[PDB]
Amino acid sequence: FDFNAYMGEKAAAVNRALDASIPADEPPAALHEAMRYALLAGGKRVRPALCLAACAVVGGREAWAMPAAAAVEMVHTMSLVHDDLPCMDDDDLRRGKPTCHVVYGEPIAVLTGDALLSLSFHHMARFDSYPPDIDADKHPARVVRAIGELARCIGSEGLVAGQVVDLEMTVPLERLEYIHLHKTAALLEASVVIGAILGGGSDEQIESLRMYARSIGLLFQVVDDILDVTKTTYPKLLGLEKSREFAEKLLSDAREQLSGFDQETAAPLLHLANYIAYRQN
């Protein structure tokens, strides 16, 4: 198993689906260009990869979950487009490239966020988004459950709640944990859970995957804080060494949540967890 090759092939496939989801030749042009600019501006596609890998680990075909992989990346992008607004965060650049509101203006950026959010649901709900070999009997209820999970992870019980609390703005540990679980972990949770649902996973499998996702979700942000402090965060509260220990515990917990799966089949998730833990950027 070659993880870099895996990440490359999944990111390539996901970018293809994303590019195909938005026409570059229809009005209004500014909207479609803003959407494609925001969505096709590269990215490691970690959330779509989690989705496909969770579909695979429960015994599904990855193509069954491709619309959802695309959807969670649309949702992630939307969250970036809105977080970057001058009223919030106020970022002119992302990586080395100017943000959506810089290129297209704030009105177009707000609207681009809304259209991406809408598109995620539209794309996941079209039966023609899925391959012809889906289970015709079971698939509709799976789609409903997945839509419910994505929506639940985005709103006042997930992403937006975290954004709101982070906006209110030293922060106690419980509140920091809240913000990270909602602003970061919720959408990872949705990625793997939706993947497992569409793959036909059992409730038992889905709940193990959910616990895995919550651990790597927190881990993602703890490692983010650690890297940012080396270049309110967990090291500001607990110190760098306790932060590293906590990260270690989260990684170990996540890997342990998969002990019920065939470890060959769970290799992508195991490797994804490693990847999340050991980033250096």
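One rule holds for the numbers: they count along the sequence shown, beginning at 1.
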- Deposited residues lacking coordinates between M169 and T170 (none, 1 to 3, 4 to 9, 10 or more): 4 to 9
- Unmodelled stretch from the deposited sequence between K231 and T232, which bin: none, 1 to 3, 4 to 9, 10 or more? 10 or more
- Entry-level comparison of average CA B-factors, 137-145 and 99-107, reporting the higher stretch: 99-107
- Looking at the deposited entry, does 170-178 or 196-204 carry the larger mean Cα B-factor? 170-178
- Query: Between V46, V57, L237, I216, which carries the biggest CA temperature factor in the record?
  - Reply: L237
- Considering only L227, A254, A38, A69, which residue's Cα atom bears the greatest B-factor as recorded? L227
- Which third of the chain holds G162 when residues are ordered by C-alpha B factor: lowest, middle or highest? middle
- Note on the structure: Temperature factor at the Cα of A125, chain-ranked in thirds, falls in the middle
- Task: Place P86 in the lowest, middle or highest third of its chain's C-alpha B-factors, as listed in the PDB entry.
- Result: highest
- Query: Relative to the other modelled residues in the chain, which third contains the C-alpha temperature factor of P132: lowest, middle or highest?
  - Reply: highest
- Chain thirds by Cα B factor, record data; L93 belongs to the highest
